[PDB]
Each structure stands twice: as C-alpha cells, then as structure tokens.
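Asker: so I pulled this structure from the PDB, and the sequence comes with it:
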Amino acid sequence: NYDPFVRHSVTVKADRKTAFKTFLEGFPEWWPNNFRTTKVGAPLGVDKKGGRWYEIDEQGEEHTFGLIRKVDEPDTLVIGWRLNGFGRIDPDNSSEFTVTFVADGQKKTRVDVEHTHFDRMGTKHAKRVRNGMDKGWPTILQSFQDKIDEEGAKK
C-alpha cells in the first residue's frame, strides 16, 4: 500500500455499529497501541462533537489530532492523518482516508479504507509514515477486530 494506494480492510464480527464504535467512539479503550497514556490512549481519543482524534496530553491538552471532516454515522469516516506510535513525524494535516464500512446483514462488516494523498506522494513522505505506523496501525486493526469479536461472539 501507500506507494500506489493505501487501503485498510477489516472484518467486523458484530455489524457496522460496533465497527464504528470501536473505530471512533472508543479510541483508547481497546487492546492495541491505543492503551498507552498520552500516546493514543489517554482519557479521550476521539472527540465526537467537534470531530477530531486527540487525547488529553499531559503537557496541557495539546495533542496532534486526527482531522475528521466527515463523521457519517456507523457508515463512513473521512479523516486526515495525525500520528500513531508517538515516535513518528507526521504533518497533522493532509493524508486523508475515507473509511468505508460495508455492512453485512449477518452482523458482519468489511471496512474498506481509501487512503491517498500524503503517503502516496513519494519515498520520504511514505518513509516518515513508516517511521511508526508499522507496529501500530495494522496492529490496531487486529485488537480492533478482537474486542469487536468480544462484543459479538467471543463470549
């Protein structure tokens, strides 16, 4: 991905409702990278009323934030990139990925994320992305589907 286009696809075990919940409404409460404090797992994570991904930073609530331009219910989320591992550099502006949750009636949901702007824009752009995405974002998706599995049929 990212060189041509970057796409995220996960399979949710309990409908688009839980996919959206676990992706937006619950940012820092699952089991991935989002469990570390002031990294991506402080008592906040995502702001529903304003539309941005950020946590309460220890220095004074001044965290890099995910640029939500569209919060379209449990369906689609168009957000610009922020930062994951807290050990990486990102512009906190462009990137932009359209999160498309494709609902499966049997309480299943395949999300297909179209991401194309910042990372695609060449070696160094994608290189600064890889600086801390590699052990975060893909891993987020794992624990993401895993806690969703809990909400669905793990228990």
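Answerer: Right, received. Where do you want to start? Residues are numbered from 1 along each chain as shown.

Asker: centroid residue for the protein?
Answerer: Nearest to the mean C-alpha position of the chain, by C-alpha atoms, centre = their mean, lies residue 23 at 6.1 Å.

Asker: what helix or strand is residue 85 located in?
Answerer: Using DSSP states H and E, residue 85 sits within no helix or strand.

Asker: burial count for it?
Answerer: 17 (other C-beta atoms under 10 Å). For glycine as for every other residue, the C-beta is placed from the backbone atoms N, C-alpha and C.

Asker: excluding chain neighbours, what is closest to it?
Answerer: Using C-beta to C-beta, 6 or more residues apart in numbering and skipping residues adjacent in sequence, the residue nearest residue 85 is residue 132, 3.0 Å away.

Asker: then residue 19?
Answerer: residue 12 (3.9 Å).

Asker: in contact with the one you found, which residues?
Answerer: 18, 19, 22, 101, 108, 109, 110, 111, 145, 148, 152 (C-beta atoms under 8 Å, 6 or more residues apart in numbering).

Asker: could you name the helices and strands sitting against the biggest helix by length in the chain?
Answerer: The longest helix of the chain (DSSP state H) is helix 137-149. Helix 137-149 is packed against strand 6-12, with contacts defined by 3 or more C-beta pairs under 8 Å, 6 or more residues apart in numbering; DSSP states H and E.

Asker: done for today, thanks.
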